[PDB]
Amino acid sequence: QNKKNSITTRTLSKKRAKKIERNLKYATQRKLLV
Amino acid sequence: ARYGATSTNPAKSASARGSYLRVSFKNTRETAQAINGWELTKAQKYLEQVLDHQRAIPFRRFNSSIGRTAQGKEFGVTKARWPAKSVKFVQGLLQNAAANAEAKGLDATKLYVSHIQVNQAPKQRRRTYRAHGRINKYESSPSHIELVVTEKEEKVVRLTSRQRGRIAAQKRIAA
Amino acid sequence: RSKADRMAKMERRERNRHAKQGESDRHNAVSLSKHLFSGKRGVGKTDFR
Amino acid sequence: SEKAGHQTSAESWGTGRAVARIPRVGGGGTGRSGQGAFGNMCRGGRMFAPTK
Amino acid sequence: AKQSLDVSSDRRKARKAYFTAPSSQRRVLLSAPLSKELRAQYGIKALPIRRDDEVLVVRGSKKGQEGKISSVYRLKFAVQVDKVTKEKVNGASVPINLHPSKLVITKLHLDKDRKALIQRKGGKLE
RNA sequence: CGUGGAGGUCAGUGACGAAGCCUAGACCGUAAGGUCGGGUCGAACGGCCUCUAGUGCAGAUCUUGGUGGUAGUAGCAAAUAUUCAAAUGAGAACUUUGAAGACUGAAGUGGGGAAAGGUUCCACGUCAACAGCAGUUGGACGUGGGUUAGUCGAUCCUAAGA
RNA sequence: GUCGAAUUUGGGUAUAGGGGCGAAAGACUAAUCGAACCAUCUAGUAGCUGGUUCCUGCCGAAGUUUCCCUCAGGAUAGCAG
RNA sequence: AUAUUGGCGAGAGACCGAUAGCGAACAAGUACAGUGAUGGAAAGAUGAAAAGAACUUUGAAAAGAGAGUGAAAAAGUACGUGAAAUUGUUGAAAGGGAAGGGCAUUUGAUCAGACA
Ligand SMILES: [Mg+2]
Ligand SMILES: [Mg+2]
Ligand SMILES: [Mg+2]
Ligand SMILES: [Mg+2]
Ligand SMILES: [Mg+2]
Ligand SMILES: [Mg+2]
Ligand SMILES: [Mg+2]
Ligand SMILES: [Mg+2]
Ligand SMILES: [Mg+2]
Ligand SMILES: [Mg+2]
Ligand SMILES: [Mg+2]
Ligand SMILES: [Mg+2]
Ligand SMILES: [Mg+2]
Ligand SMILES: [Mg+2]
Ligand SMILES: [Mg+2]
Ligand SMILES: [Mg+2]
Ligand SMILES: [Mg+2]
Ligand SMILES: [Mg+2]
Ligand SMILES: [Mg+2]
Ligand SMILES: [Mg+2]
């Protein structure tokens with residue numbers, strides 16, 4: 001949702017967001033290699 | 001950071017907090033609930049009137065053996081009080097939140113208290129000496145207070161073949 | 001100087017929450033007072049009024 | 001250690017004292033005073049059947 | 001595998017010896033390998049690091065940066081190089097604490113005792 | 001069925017995330033339990049064949065630590081008593097000065113000492129904690145200053161005694 | 001109640017636990033006296049009270065007999081494997 | 001040739017892993033208590049590196065909000081992880097002198113498998 005773009009308790013930490021970015025880069029590298 | 005709840009679209013919101021504040025947790029919870037959901041200027045004027053004893057904070061949960069007053073009839077209660085220390089701490093946090101919203105550039109006439117939350121800080125543990133050479137606890141119950149003010153802004157149906165035939169027949173019978 | 005002052009003010013917090021008079025207040029309460037937990041008063045002399 | 005949990009001066013406060021009859025550390029002026037001792041269920045007490 | 005009965009393989013003893021080693025022992029513990037050029041020139045592999053020798057960083061984020069040793073902070077098991085710093089907006093410069101095992105000596109500060117140490121380790125200077 | 005550690009093996013799992021913990025999600029066992037997904041987390045951990053034991057808790061007025069309801073409740077009512085203005089300060093029922101009203105009433109709420117305490121004396125700075133309200137004040141916190149003997153005492157004498 | 005003496009009191013000194021001291025109350029002897037306090041032997045002694053930690057399957061009792069004089073505490077016999 | 005819970009120097013363990021292991025992993029026989037003999041605790045963990053949050057703004061200040069450092073502040077000298085009791089807010093629900101439980105289904109919400 002933040003990539004595409006009231007009161008909530010759902011938040012994304014920067015630690016988890018960086019980990020998601022790194023893992024997505026891993027997956028994209030795999031997709032390009034296949 | 002790490003509020004109890006955040007606002008989506010933080011660009012239209014401001015927040016404030018105060019931790020380990022030596023003020024009664026029960027009174028402060030009552031004050032925060034009395035303020036919850038209001039517009040900011042109305043809340044500030046109401047707290048000023050509470051300090052002047054023209055209006056009252058209704059006491060809904062932490063209210064056993066409280067006195068009764070006619071000023072609780074505005075909120076459909078008989079038990080209300082005027083906790084000055086709690087009102088002053090909440091006034092300070094409201095002023096800070098308004099200042100943060102002004103620094104962000106938000107319209108100050110559309111701000112409302114979208115979130116407010118009081119929970120218990122670690123206790124201040126004094127002790128007293130009592131009869132027969134006893135030591136009894138004598139403790140303050142401090143508060144953590146947080147708030148967020150927000151700019152207020154103004155189907156596939158699965159049918160069986162029998163149902164489909166019934167609808168088609170109705171369509172043929174009608175225009 | 002301000003750095004050391006902030007370090008001292010941060011270190012003060014636990015004792016201030018325990019409401020000590022200062023570094024010098026080191027009173028220790030016993031876990032159980034025997035004169036408070038050894039009461040068995042027969043028909044006769046008692047230990048308190 | 002064969003002395004572990006035994007280096008304590010403790011005694012039971014007796015029956016009818018509204019507390020459990022486990023032996024308790026005497027003296028005063030410290031948090032150790034009045035705490036249970038010598039038991040395998042006690043913090044700081046001797047273990048059950050110490051290894052030899 | 002150790003063979004002497006005078007040496008201990010106990011991890012607790014080794015760690016206590018490392019963290020309570022005195023300054024003269026820490027001098028030996030803070031050793032740096034020579035560069036390939038200096039290794040060929042002098043015939044030795046590693047030397048204890050001292051204040052006025054030039055080094056090349058071969059590990060970490062500061063890899064490739066060159067400079068002169070600014071201090072041997074033996075109390076914190078580190079060395080400080082003059083050109084390797086962390087900078088702030090207010091003008092503050094904090095030296096980076098580097099370990100000599102992650103450095104390479106490119107130019108030795110040579111004195112009489114340094115020459116004697118190289119020769120007694122088996123050097124061939126000049 | 002489960003737990004700590006030990007021999008062997010799976011050239012086992014793991015920074016593309018080990019262990020732990022949370023979970024409106026999924027499955028296998030009659031069950032003890034086991035397995036999987038998501039979140040959090042950040043460096044170790046397991047299956048199987050065997051060895052070994054400080055190996056499984058709801059209770060013991062159990063032990064240690066932590067936390068509720070009671071509850072913003074009981075209460076903060078002995079010692080007659082406080083009030084006005086200015087100043088200081090962010091803030092004054094409680095600080096300072098002035099203006100008043102009272103009280104101790106010389107067997108004192110006065111002025112000194114002995115025992116004991118040990119710097120509490122005084123100045124400057126100063127408020128986080130403490131002063132069961134408050135606090136700009138303090139016997140509090142920080143930094144310093146201060147106790148001058150031939151004549152006052154000890155020191156000398158002896159008492160009961162040691 | 002007593003208040004000029006069998007008065008009140010400071011300091012010094014003496015008496016120490018199976019001991020002292022007592023105008024005698026088993027009073028007092030540091031909130032401790034039908035036996036001070038402290039440490040150790042010592043995890044002292046149990047006729048008694050309380051508690052005693054995972055699952056499932058199968059089997060599954062006992063108050064009925066003789067005796068140590070009888071209480072108490074033991075033996076045997078019976079029942080279940 | 002034998003003994004050795006003291007002293008000095010060493011090497012080890014199918015031992016314990018911060019309520020454990022010595023009372024003491026830490027300025028521990030310390031703090032504190034007691035006239036005295038004696039009694040006797042609690043208390044370990046930011047980060048690789050203090051880089052420990054400059055600067056702006058609100059506030060008397062503590063602090064807050066931006067910003068910044070750092071891989072991470074879901075690491076801010078209350079600091080690895082961060083359970084339970086107990087608490088706050090939000091959302092859903094129930095409630096005519098307790099609640100909880102078993103069998104069965106309705107209603108609302110939510111969800112897995114199987115789909116050539
Ligand atoms: Mg009342
Ligand atoms: Mg008293
Ligand atoms: Mg132990
Ligand atoms: Mg994991
Ligand atoms: Mg056990
Ligand atoms: Mg339990
Ligand atoms: Mg049970
Ligand atoms: Mg209990
Ligand atoms: Mg009241
Ligand atoms: Mg009065
Ligand atoms: Mg008069
Ligand atoms: Mg005087
Ligand atoms: Mg003074
Ligand atoms: Mg007060
Ligand atoms: Mg002072
Ligand atoms: Mg008379
Ligand atoms: Mg310990
Ligand atoms: Mg943490
Ligand atoms: Mg909970
Ligand atoms: Mg009713």
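Numbered from 1 within each chain, the chains take letters A, B, ... in sequence-line order. All values below were derived from every heavy atom in this structure, side-chain atoms included, with hydrogens, water molecules and symmetry-related copies excluded.
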Write down the distance separating the [atom1] atoms in [N] and [M], rounded off to the nearest Å.
N: G:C79; M: F:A31; atom1: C1'; answer: 34 Å
N: F:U136; M: F:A90; atom1: P; answer: 12 Å
N: H:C115; M: H:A109; atom1: P; answer: 29 Å
N: H:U58; M: F:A93; atom1: P; answer: 30 Å
N: F:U137; M: F:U96; atom1: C1'; answer: 10 Å

(Q) Under 4.0 Å, counting only non-hydrogen atoms across every strand here, what does D:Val19 touch: a base, just sugar-phosphate, or nothing? (A)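 Result for D:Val19 = base.
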* Parallel, tilted or perpendicular: rings of C:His27 and B:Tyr129 (30°, 60°) ->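 The rings of B:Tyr129 and C:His27 stand perpendicular, inter-plane angle above 60°.
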*Between H:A75 and A:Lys15, is there an OP1 or OP2 to side-chain N/O distance shorter than 4.0 Å?*
yes
Selection from H:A78, H:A72, F:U64 that lies nearest to any side-chain heavy atom of A:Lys14 |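 Selected nucleotide: H:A72.
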Comparing B:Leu21 with B:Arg29, nearest RNA chain H nucleotide closer to 5' gives the residue B:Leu21
Using a strict cut-off of less than 4.0 Å between a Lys/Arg side-chain nitrogen and an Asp/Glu carboxylate oxygen, indicate whether [X] and [Y] qualify as a salt bridge.
X: C:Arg17; Y: C:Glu14; result: yes
X: B:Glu39; Y: B:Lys110; result: no
X: B:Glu139; Y: B:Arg125; result: yes

Whole-Å distance separating the [atom1] atom of [X] from the [atom2] atom of [N]:
X: B:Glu30; N: H:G88; atom1: CD; atom2: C1'; value: 12 Å
X: B:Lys85; N: F:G135; atom1: NZ; atom2: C1'; value: 12 Å
X: A:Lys19; N: F:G42; atom1: NZ; atom2: P; value: 7 Å

Expected list for residues 6-26 of chain C near RNA chain H, using heavy atoms below 4.0 Å, is C:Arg6, C:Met7, C:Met10, C:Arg13, C:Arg26
With a distance cut-off below 6.0 Å to the six-membered ring centre and an angular limit of 45° from the axis, does D:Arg46 pair with D:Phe38 as a cation-pi contact?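 Not satisfied by the 6.0 Å and 45° rule.
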Mapping B:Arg61 and D:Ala18 to their closest nucleotides on RNA chain F, which lands nearer the 5' end?
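The residue mapped nearer the 5' terminus is D:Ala18.
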